[PDB]
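Each chain, letter by letter, is given below.
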Amino acid sequence: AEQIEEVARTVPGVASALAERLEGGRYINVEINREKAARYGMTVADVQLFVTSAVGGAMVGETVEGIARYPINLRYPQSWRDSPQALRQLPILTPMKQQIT
Amino acid sequence: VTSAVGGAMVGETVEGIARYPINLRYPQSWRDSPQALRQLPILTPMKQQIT
Amino acid sequence: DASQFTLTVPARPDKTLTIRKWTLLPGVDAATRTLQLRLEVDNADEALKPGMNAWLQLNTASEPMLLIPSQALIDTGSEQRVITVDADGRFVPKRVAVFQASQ
Amino acid sequence: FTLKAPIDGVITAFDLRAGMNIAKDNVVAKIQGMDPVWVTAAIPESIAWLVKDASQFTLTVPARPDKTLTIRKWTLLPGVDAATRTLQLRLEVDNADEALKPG
Amino acid sequence: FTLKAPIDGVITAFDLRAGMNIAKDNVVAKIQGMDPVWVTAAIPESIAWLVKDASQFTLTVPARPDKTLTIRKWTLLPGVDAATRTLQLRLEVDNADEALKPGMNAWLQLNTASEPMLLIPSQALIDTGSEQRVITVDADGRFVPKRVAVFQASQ
Amino acid sequence: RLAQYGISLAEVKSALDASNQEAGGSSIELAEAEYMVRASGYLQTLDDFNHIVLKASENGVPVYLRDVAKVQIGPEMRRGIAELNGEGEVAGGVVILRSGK
Amino acid sequence: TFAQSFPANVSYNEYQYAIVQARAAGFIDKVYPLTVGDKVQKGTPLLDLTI
Amino acid sequence: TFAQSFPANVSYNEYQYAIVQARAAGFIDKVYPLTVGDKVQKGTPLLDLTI
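Residues numbered from 1 in each chain as written, not as in the entry; some residues may be left out. Chains lettered and ligands numbered in written order. Part of a larger assembly, values for the part shown. Heavy atoms only, no water.

### Focus on the nonpolar core
Stated precisely, the cut-off is as follows: To qualify as a nonpolar core, a set must consist of buried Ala, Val, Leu, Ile, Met, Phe, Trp, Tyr and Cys residues joined through side-chain atoms within 4.5 Å. Exposed residues in this analysis have more than 50% of their type's maximum accessible area, buried residues have under 20%, and partly exposed residues fall in between, with area computed by a 1.4 Å probe over protein chains only. In DSSP terms, a helix is any run of H or I states spanning at least four residues, a strand is any run of E spanning at least two, and both are numbered starting from the N terminus. Whether two residues are in contact is decided by their heavy atoms, any of which lying within 4.5 Å being enough.
Core analysis: the biggest nonpolar cluster contains 31 residues, and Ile 43, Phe 57, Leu 59, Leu 89, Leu 91 and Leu 108 of chain E have the highest contact counts within it. Breaking this core down by element, the ones donating at least two residues are β5 (36–44), α1 (48–51), β6 (57–60), β9 (86–94) and β10 (105–112) of chain E together with β1 (2–11) of chain H. Once residues lying within four places of it in the same chain are set aside, the contact partners of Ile 43 of chain E are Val 51, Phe 57, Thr 86, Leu 87 and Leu 89 of chain E together with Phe 6 of chain H. If you look at the next biggest cluster of nonpolar residues, it comprises 22 residues, including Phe 14 and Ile 22 of chain D together with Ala 18 and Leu 34 of chain G.

So, in structure tokens, the structure goes:
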């Protein structure tokens, strides 16, 4: 698609040609470590809860006001999740009341 | 009965498109015959070892 | 050592506390897996009651490195780059090796 | 004076240390042997009958699959543990190589 | 009189303050050193047969990435922890920079190989709760089960 | 091993059931770009099974699934059995035609 | 021939039991490099005291 | 072939161990700035007492 794209703009009548990339997306992977976590006595799910709800805006429930509906969510202030480094020091309170990152 | 004696499927692993079954069970020996079941080792919630 | 600490207590947002001194205790609490950092706070007004909570924000200087606004740093996980602006306005990209970011 | 360990064993208690004083009721050291190391197996109460005098026991420890243990003797204790609902069957195992560690 | 700290250490207990009275059994100070600092690893009982004749380990700690060092001398304790059925390996580490502080986590790394033994893929070991054996292929290619005796698996 | 380590069957099933799933933690803005946050946690290694946390003391010393179970690859309860020329068992497949085509 | 298996705990020899108590009172002069968990053979010095 | 990571913890030297008891009964005159957690050194004053 990248070759076919750049050859399309060399053609007499074409104005603007672009090909949508299939893997041009960015990621921030949280490669959990079963050993490191089991240490503090945490299951994968236990860790992940922070990923979805603490870092992400995971919707936990919905309030009801008549016909209408409202979304509720949990999350640390945007500051604790600004950048990757911020996540590396994402404050976690283990089940055993141990404070870690 | 279901998991210790029987091969009750507890979950499924994921590898791409395909699927895989996971199960719990005592070695076939503890469930060979009826008598073996009569002495099927159980660890009660109160950490008491019984058959 | 060169760190800069600034204390604040939720119970009394009207007070500005001065820190007499601070000492990083030698023994880390084995129950919390945390180092102990003890501060001594001027409290003649008695507005700071024991049991109260207190937020401790610190600022630490680091070895001089090249610094740029975080927004100007692209990352693909395998290479990090920025977009330099030439003398003639020409936008030219260059690879850089990141050290660490904060704030 | 000099207090020496009266027997070959493992220190399981040590209440006295430098600087202190010492008294009659104090314990400078508790020492437990392990050459004829003990092994206590748990037998569910309902299968009591299963163990008779003519019985033949064969021991194996996961930690050392390379060793073959010989059993000095065995005795079916008179009191069943009230917490586990099991009879106590105590074995005494030859252990001069010290490969059989307690626990 | 004046009571002074007999050794360099850290006060882990101080049971009497001012205005008080003291007695023989009273403790004024519990001071523990930490320069030749101690570290203890919990090694699963399963591999006692291996670690006995062990060579070296590679100690590492989370709080300190640089203080990662090899350990060539240690001491295996005669007692394993009942609660977790693990061997207790204790090692002493030089610590003048007061880096390793008591309470921090650590990781004792071990990479080794056992004495030459007969080896077969784990997939080949048909084992019940007592009957372990494998299926062999003779000359002509016929099948024949034989009772074997397992030592221990690995990878 | 269960009794020896003080772990009930239920404790196992429950722990197992929470050490094999992925979770997403929203996205995040860097260089004006969306950064999806993926949290790993899928089972795919035997070691992963062998490293399913069951119990952890204050010490930090945990008790993994590998302490109460061997994790072997085996056959499922067979429902269909296929034989060929009476000289071997094999896997097959049958094409079903949409009745009336 | 009946056949069943049971789990067991390798515990200390309780007939080989020694608890050192000072025959009389006094104060500690020195305490040899020894802490709970170590293995001491007969004749291993525990401490020195003045009585 | 083996390659396993065993968890460990940092602790105090139990061969560098000292409990400071008073040789004989008496009352405390004064006690120096020193509480559980502080790092002391050989010679550091603990408390003044009358016996």
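That was the structure; now back to the text.
### As for the pairing of β10 of chain E
The following threshold applies: In short, DSSP must find at least two bridges between two strands for them to pair.
As judged from the 3 bridges shared by β6 of chain E and β10 of chain E, these two strands associate in the antiparallel manner. From the neighbouring strand, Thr 60 of chain E faces β10 of chain E, where its bridge partner is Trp 107 of chain E.

### Focus on a negative patch on the surface
Rules: Any residue with relative accessible area above 30% and no salt bridge may belong to a patch, with like charges joined within 9 Å and the nonpolar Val, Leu, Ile, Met, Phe, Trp and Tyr side chains within 5 Å. Using the Shrake-Rupley algorithm and a 1.4 Å probe, accessible areas are obtained, with residue cover drawn only from the displayed protein chains. A side-chain nitrogen of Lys or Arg and a carboxyl oxygen of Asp or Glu constitute a salt bridge if their distance falls within 4 Å. The charged-residue count follows a simple rule in which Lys and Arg add positive charge and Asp and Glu add negative charge, with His and chain termini not counted at all. Here the site of a charge means atom NZ of a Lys, CZ of an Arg, CG of an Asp or CD of a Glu.
Taken together, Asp 8, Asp 35, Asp 94 and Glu 98 of chain E make up a surface patch of like negative charges. Among the secondary structure elements, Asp 35 of chain E is positioned in the loop between β4 (29–32) and β5.

### Looking at the interface of chain H and chain E
Note the threshold: A simple way to read buried area is as the amount of 1.4 Å-probe accessible surface that goes missing from two parts once joined, with both sides added. Counting of polar contacts relies on pairs of N or O atoms within 3.5 Å, with two restrictions inside protein: one atom must be capable of donating a hydrogen and the other of accepting it, and residues adjacent in sequence are counted only when both atoms are side-chain atoms.
Of the residues lining the interface, 47 residues belong to chain H; the matching set on chain E comes to 67 residues. Across the chain H to chain E interface the summed buried area is about 5,500 Å²; carbon plus sulfur atoms make up 58%. Connecting chain H to chain E are 0 salt bridges. Remark: the boundary between chain H and chain E carries 33 residue pairs in polar contact. Elements that contribute at least two residues to the side of chain H that touches chain E include exactly β1, β2 (17–20), β3 (26–31), β4 (39–40) and β5 (45–50) of chain H.

### Some thoughts on the sheet that holds β2 of chain H
Taken in spatial order, the 4 strands make up an open sheet running β2(H)-β4(E)-β2(E)-β4(H), and their pairing is antiparallel. The open sheet is flanked by β2 and β4 of chain H, the only strands paired with a single partner. Where strand β2 (residues 9–13) of chain E meets β4 of chain H, 2 bridges bridge the pair, whose relative direction is antiparallel. In the sheet register, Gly 9 of chain E faces β4 of chain H, and the bridge partner there is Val 40 of chain H.

### Focus: unusual backbone geometry
Of note, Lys 47 of chain B is a non-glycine position whose phi angle comes to about 55 degrees, a positive value. Locating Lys 47 of chain B in the fold gives a position in the loop between β3 (42–43) and β4 (49–50). Accessibility expressed as a relative area gives 33% for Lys 47 of chain B, which makes it partly exposed. At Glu 46 of chain C, a residue that is not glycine, the phi angle is positive and equals roughly 65 degrees. Within the secondary structure, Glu 46 of chain C is located in the loop between β3 (37–41) and β4 (55–59). Classification of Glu 46 of chain C as exposed rests on a relative accessible area of 59%.

### Some thoughts on the interface of chain F and chain C
Inclusion rule: Polar here means any residue other than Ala, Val, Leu, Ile, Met, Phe, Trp, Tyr, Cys and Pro, which are nonpolar, and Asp, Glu, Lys and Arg, which are charged; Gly is therefore polar.
With 5 residues of chain F at the interface, the matching set in chain C holds 5 residues. Both faces combined, the contact of chain F with chain C buries some 290 Å², and carbon together with sulfur accounts for 35% of it. Here chain F is connected to chain C by 0 salt bridges. Between chain F and chain C we count 2 residue pairs in polar contact in total. Its residues assigned to classes, the side of chain F that touches chain C shows 2 nonpolar, 2 polar and 1 charged.

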